[PDB]
Each structure stands twice: as C-alpha cells, then as structure tokens.
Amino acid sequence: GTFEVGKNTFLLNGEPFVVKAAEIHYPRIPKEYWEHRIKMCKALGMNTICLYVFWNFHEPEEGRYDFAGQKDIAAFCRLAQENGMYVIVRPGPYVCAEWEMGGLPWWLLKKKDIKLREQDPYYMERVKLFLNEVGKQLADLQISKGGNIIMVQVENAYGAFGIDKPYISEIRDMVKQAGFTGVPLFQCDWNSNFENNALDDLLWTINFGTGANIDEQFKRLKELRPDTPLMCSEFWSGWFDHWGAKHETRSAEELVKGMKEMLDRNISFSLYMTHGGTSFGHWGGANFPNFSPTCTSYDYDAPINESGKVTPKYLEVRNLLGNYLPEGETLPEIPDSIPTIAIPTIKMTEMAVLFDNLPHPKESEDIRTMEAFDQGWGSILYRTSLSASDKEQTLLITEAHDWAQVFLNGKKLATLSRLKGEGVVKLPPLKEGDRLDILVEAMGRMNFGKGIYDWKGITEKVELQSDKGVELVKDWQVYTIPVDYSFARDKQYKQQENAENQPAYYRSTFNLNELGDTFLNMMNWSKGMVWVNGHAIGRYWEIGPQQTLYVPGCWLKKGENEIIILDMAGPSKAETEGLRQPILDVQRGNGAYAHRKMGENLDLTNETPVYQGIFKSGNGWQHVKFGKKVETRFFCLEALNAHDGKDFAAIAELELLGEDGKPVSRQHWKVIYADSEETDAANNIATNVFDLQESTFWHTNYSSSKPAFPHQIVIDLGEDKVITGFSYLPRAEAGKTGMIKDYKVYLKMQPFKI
C-alpha cells in the first residue's frame, strides 16, 4: 500500500483519505485490554490509532532493550491491523505526554553536563540506537511493506522548547536511517510557534484544544503552504490533572462542534486522548506551573474513560462520526464493558517500618543526587550525625527533589515539598551525635520545557545556619529505596500498628471468588504507592483530586491475592477497599483554592502605571514594548474592560520581556493576587497564565459572585529583573467571554498594597 501527502489532501492507495485518529498509549493500558480499547476506538468512528513510543519504558537501563509483553509495540500495531485500523507512530525520542522525563531515560543524567534535545553527541548517539531498535520492531509494519503504519512523527512540539533546525534535521535523518523511509514524516507544534523549527521536507501539523478557533489554527499554515493537507495531530479532548488541583473536564458539545467544522472541510485530526488509561507505577510526569506533578489517573475526561467505559462524550462523538462513513457503511457495535467488582474492607494488619528495614548504606562524604548512586526511581534516605548545640539552628536543604521528611532521632520535624519550594527546618538544641534523617521521595521527572533536567534526591547540599554563620553538613550514609516490587516484598512484616506515623510498608492478603476491575480507595492513606499481586498500580496522595487507584481485573486472581502499600506519612486508618466507581474529584489541600482571601483588597490608588494600552480583538499573541527599562519584582496587569462589553476577564498566557527583548524565565513566578477566579464551573485558576499551555486560561468568576471590571492579577517574579515589555495571549476560543480590551500595567520593586 501507499500513504502520501497530496494536493490539499492525503492519499491512501491513490485515493483521498481523511485521517480520523484515536490517541491511546500501550503502557497506560494493561496488555490484556489492548484489543478492547482498540475496538472501542473503532466503534467511536476512528479509522486510525496514534501512539507514542516511550523510550524509558523500553531502555530503563542503558543498552538493555525490552519489547516483550506489555512492551510489545509490534504486537500492538498488528492488533490494530487485525481490527482494520491504520497507525500513526510518534517515536520521540522525547514524547512529553505527562510521562516520566517526557520519555527520556534517567540514566542520561549520569552525565552531569549533558544537553538534552540538542546535538549533544552522547544524547544523539543514544537516540540513534533507540530509534534503530524501534525500526527493527516497526519498519516492516509500514503500509509500504504490507503493514498499517501510515505516518511517523519526528520529535515532539520542539517549538515549546527552543529553535534548533539542525537538531530536528538530524532526528529526521535518524528516523530514516532506522528504516522509516516508506511513509510521510511530520512535525507537530502550536499555531504560534510551528515556523520556528519547520523543515522544508516535513509535513507540518498543528496541535490545539477543544473549543479552539479552527480558522486561526490553520490560517498562517495556508499562507506558507497553500496546497498542504491540514491535520490537527493532537486535538485535546479533555485535560490532565495536577495533584492538589481540581479535576479537569471539557465540554462534549464544544468538542463535537470543532470536530464537525474540521470534517466538513475534510481536515484530519487525532483525538488526544481518545482513551487515556493510567500512568501506572512510577511512570507519571510533572509540568508547569513551577513543579506540578500530574495524577496517576490519565482519565483525561476522554471519551473512553480510565477503565474503558462509554461516557456521554463518547456517545456525542460517535453520533457525529457515524455521519462521515463511506456510503453503505455503519459503525461497528460498541464493545461490552469489562465487569467491575467491589472488594470488601481489607485490613492492613502487617507492617514493616522503613527505618527498621533499611538496605546497606553507602558512605558518601558529600551530598550527591540519586543518579550518582545508580538509582533512577523511588526514595533516597540521607543520614548523618550532628554536633552538640545549645541554641536552635536552621537546616537548609538545597534542593529537595521532590518530597522530603526530616527526622531527628527518628521523630519527624517537618515535611518539605518541591510543589511549595520548601527547604528550611528549625532544629531544636542538639546533643552530640543526634541522628539527622532526610528521606526524599522522588515523583516523576518533569516532562516539559527545561524541566526535563530533573535530578532527584537532594540536588546540591545541606547546610546548618546559626547566629555564627552557615556551615555545609558532610559525612552521609545513603540508602536507596527502589520502587521494585521485589524490594517491597522482601521486608520483615509483623502484626503491628503505626503509633508514630513513620514511613512503612503495609501488607495483606485477601480472597476473591469472582474477578473484575475495581477502584482501590486510598482516602484513609497519606502518600505513597501500591502493588497488587506484584503489579505496580501507581502513586496516591490524600490531597487529591484523585482518591482511588484503578486496579484492572486482569491483575487480580481467584483465590489468594496480595496487596502491599508503601505509605510515607501514616494512614488515618489502616484499611482500604475496592469500589465499583472511581473517586477523581476530591481535593484535600491546605488553604483555599484561590489567589485571593479575606481581608485582601488590592489598592492601586498611589501607584502610577508604566504603560496604558488597548489589546486588539480576537485570537493570537500580542507583544507590547514599553519604550523603557524598569527594574521589577512585582507585575500587575489591571484589565479595565472587555471587547464584548461583559463583566469578565481571561488570560491564556503572560510573558514579561527582559533587556534582550525576550521572555524572562517563569520558573520562580508566583501569583500573589487575582481579584476573582472561576473554580466551580471550570478550573480557571490564575496560575494558568504561566503553565506554558495556550489552551488553559485564567478567567474571573462567572458561576456565583460574577464581579464586574476592573480585574487584576499580581505576579511576584521571584527575583529582581529589568523589564522592557510584555506579551499577552487571550483564550483560544472565538466568541467567548474575557477578551480584555483596555488595560494598565504596573511594575514595582516593593510589594503592592493588598
């Protein structure tokens, strides 16, 4: 067969063909259910499956490649072929995907000066070798060799990382050298950045979300390439969740409207995610703002939910896609759901306290990261002894990646979270030889932007601060606590209760006479991870919004089953249970879910704006130069009205421009104040202005208080910076509220009055 880029169309075996693809991810779906999920995608109206290849899933240790069982990507593609569906493969080497390090293997970071997603010779050689392995698995499944693979993506959304055409060209060449020479190669990006890395000989595709202004997404592309076929390579069907935040949803009605608009113009798309599944085990990622780890669940509000079930969105999409079939044809029947069971209360009566079950220590004079000790995943304990002190001191940990508990002679003093930028602990007076323990749990490595440079453990150093000065702390005992099931199983379990909330493994067995999917209730538990019959189910955290872990019935057995829970901070009750429905929407954070509280009223009365302006109407980036340089710690944008004359303001992204006229780093930014936020009907929290996601936005309240203009957002830059201008991106939809018109900008060194 053939697949070709034609004149305003794709051609499948010489005939016009509109790609209607479903994104599903083989590691996020138990292998026993691959067929069921593919059949769900076919019944929805799709003709193609789109998938990433996840490098770190196949080469978790250097030189050791695995493509068996759950990792059998060729078997996955053949299953799609057997069900009459084409495949698009996106082999990376970086895939983002809310997945550990964006698919990159942690062991790259053993080279401390490595450069990632650039032509670093060590990185590039490992990429070459990995792609070659993918080629041996998949090149013979190109449509041109009798298989079903129709296109291959080169890299992934490089426009959101940098500008490096020689890099992308070399990746393209490595994809070809691996054997992918028979089908079109393409690169994806946003409508705002695709030109930066666009190569003459690749197809250019665009990614955007439910509700986007479709014409705006493709207009510039058609000025450059009047005859290119148009494809949305990721049409976001929903969104992912962050630990501590609200469960995300997106409108089915809006999705269908955009899908219809594309299909009425024969525009191709791949729906991301069509079924998301679960980031099982340690494989979940982390992204912006700051460090924001993503939930274990990848339900995504996709049409096919986490456990493979029909949703109202599925039914709306199917109703639409049923009208776009070659004449005569009807959609296949929707597969039956996989049965569910409830599992009665499981009492976790056996426990092995972590600090009483430690491995052999490595002695290290200096702090080093976990990768320096040949550890990629899990937790790491750093232990030392301290000198006598009659006065209190401060312990400075620089920096804990990601969630550290500090103990003194076994008594917990504090918890330090990277989500909160924490690194300081007050120590009481010390006796000579007092034992300091810093247990650092590593969550996923960041999967987006420059966050992929994510070394775990303590990144640099530990210091003691007294009135005398600051002293580096040396002479450590280091204990690797790996995620391997074998490590969790090999512990001295005893019938015991956790009086002191110490980190511990908990074990129980339970009988089952009939099997089905279930949802393990973690509401009683603190933070940690779970194994069921050896299978690593994923991470949990009491802050939510996710409170249940999906447990596939194919990982349960008749007769005796085993559950082990690693719980870091102690459960409120040492019991769990299996529910027939998940809990995905229960937050239990510290403080109100808002950037304004009682008694806060921003007062601009004695402030003079740096700039007053008017934004243009409609969609797309706007860049503003102030014609001067201002040293800034705090930035306030005061929106005065909107283009529609209504009471709401919204912002998708804000950047501030430095002395060189380019965006400053937002790594350390903080929203100090937003006058109003919608957090009930949607998750339009104010940090959405710096998550590097053009599909997410801050929006003022509309569901209850619905306050009028003026509206304001105040940002702490986290450091003093010389600012020359700023950039504003409104929400991506057409015809919606909150398109700011008149505005003022204020820049200060001292705090605003709030």
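So that there is no doubt, residue numbering starts at 1 and follows the sequence shown.
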The stretch whose C-alpha atoms carry the larger average B-factor in the entry, 341-349 or 440-448, is 341-349
Ranked by mean Cα B-factor in the entry, 458-466 and 628-636, top stretch is 628-636
The largest CA temperature factor among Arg368, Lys527, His242, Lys411 is found at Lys411
Per the deposited entry, the peak Cα B-factor within the set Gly534, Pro663, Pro545, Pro289 goes to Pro663
Binned into thirds over the chain's modelled residues, the C-alpha B-factor of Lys736 lands in the highest
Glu23: CA temperature factor from the record, placed by chain third, in the lowest
The third of the chain into which the C-alpha temperature factor of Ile38 falls is the middle
Of the three thirds of Cα B-factor ranks in this chain, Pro707 occupies the middle
Temperature factor at the Cα of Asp720, chain-ranked in thirds, falls in the highest
